[PDB]
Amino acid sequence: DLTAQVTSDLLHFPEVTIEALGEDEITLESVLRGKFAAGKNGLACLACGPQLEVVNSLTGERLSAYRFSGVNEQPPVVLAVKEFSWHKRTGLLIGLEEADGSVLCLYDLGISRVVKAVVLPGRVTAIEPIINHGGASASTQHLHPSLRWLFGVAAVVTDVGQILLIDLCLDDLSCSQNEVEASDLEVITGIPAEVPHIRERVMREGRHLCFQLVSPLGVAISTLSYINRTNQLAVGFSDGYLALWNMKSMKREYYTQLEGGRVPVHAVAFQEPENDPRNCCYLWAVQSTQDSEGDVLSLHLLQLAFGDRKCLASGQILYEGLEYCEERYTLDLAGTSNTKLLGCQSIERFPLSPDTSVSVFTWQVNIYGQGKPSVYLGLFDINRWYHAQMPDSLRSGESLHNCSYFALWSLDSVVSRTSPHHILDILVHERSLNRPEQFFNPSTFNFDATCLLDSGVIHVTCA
């Protein structure tokens, strides 16, 4: 019965941060959302209505704050936030939902200002940087020639299924615009040739070039992730389908409904095994109804088999030539109760392939007529799953509490300690992950983590 132990007090955000977010009840009915940023700057971001607060992930200190304004005199909602660094600047890409449509912003943390913005032809559901520079360089050779003519590229997806690849025009240093002065896009359907001629005209007209992928419309995209090691954009749909798009060829390489059926794809996470005999790697896909009923939460491990590995001039390894993609593990966490995924995080250590690769899933279960939720952190070890002979599900009788390739931790001490504050996100600290065959079960892994709450941060150790 592995139980996390709390190692700090609750380190509160400053009052000014708490107060600013609590203006949630005017731009209401605004939900406070918060995530640790994926990059290497130790940031966590909280958003409520038009208000963004960037805080220090370990101390709770306020680092940056901004209240977005609406181009159409009505407050936008900060919907999506991603870390993004370019040149020698550190920033965030932000998707704003507006009454009309949407705006994609580039927010500079150095000066706490929006520096670029574009109007989106739809309602954004997710955003993802693809690359932070252009120019002819070994570092962009993995991308389709047409993207290489662009200068920074962000993917943006919408509630009707548009997939947009947008030029961030990071080569234009004369243009400093806020979210109110957002530029229009020039959207070309598919992927053209003669990009430079087009681009030059497009920018003389004060617009950003956008390639919209030829892809069916009508179903909302719910998840979006660029998988660096396979050069694939993963596009998860509200109907349970998952698309993989190769960003070299710009073609959809895979597209199938996950085994949970018509339930939205809520998150993905990539893993690479240490020793696999046919260039297989893995993509977890999480299906969840947490934004509606909250009755279904399931994990789906997709095995992606490729024909080759390629060392790029950059030094990076790339899986190339997708030969098959098939679901090889399924775990139902839910499906009265209410269950929601808090986080989904992959941690890999390299000594070629990582010698350690785990995915961490954190989820919360609320039973109706039960005040305090249970919170679980589960650690899946892909190599121990190999060692266990790749079972496709928990066996009869088998439990997460006693599984050779999965460790289950209770975060209930955190819940007791922090009530009634809500856990918004959980980050495991990669650098802390530390270790008779049973001994190499992941239950013996020690690690530290930080929970992001609505009012601060708090540190835990699992040992």
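Just count from 1 along the sequence shown to find any residue number.
Missing deposited residues between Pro351 and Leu352: 10 or more, all without coordinates in the entry. According to the entry, the deposited sequence has no residues without coordinates between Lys40 and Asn41, so the chain runs continuously there. In this entry, the higher average B-factor at the C-alpha atoms falls on 179-187, of the pair 144-152 and 179-187. Across the two stretches, 96-104 and 157-165, the PDB entry reports the greater mean Cα temperature factor for 96-104. Per the deposited record, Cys311 carries the highest C-alpha B-factor of all listed residues (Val219, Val214, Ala388, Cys311). The maximum CA B-factor among the listed residues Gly134, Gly321, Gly260, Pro75, taken from the PDB record, is found at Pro75. Ranked within its chain, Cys45 lands in the lowest third, by CA B factor from the PDB record. When the modelled residues of the chain are ordered by their C-alpha B factor, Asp425 lands in the lowest third. Annotation for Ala117: CA B-factor lies in the middle third of the chain's modelled residues. Split the chain's modelled residues into thirds by C-alpha temperature factor. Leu11 is in the middle one. Annotation for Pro196: C-alpha temperature factor in the highest third relative to the rest of the modelled chain, per the entry.
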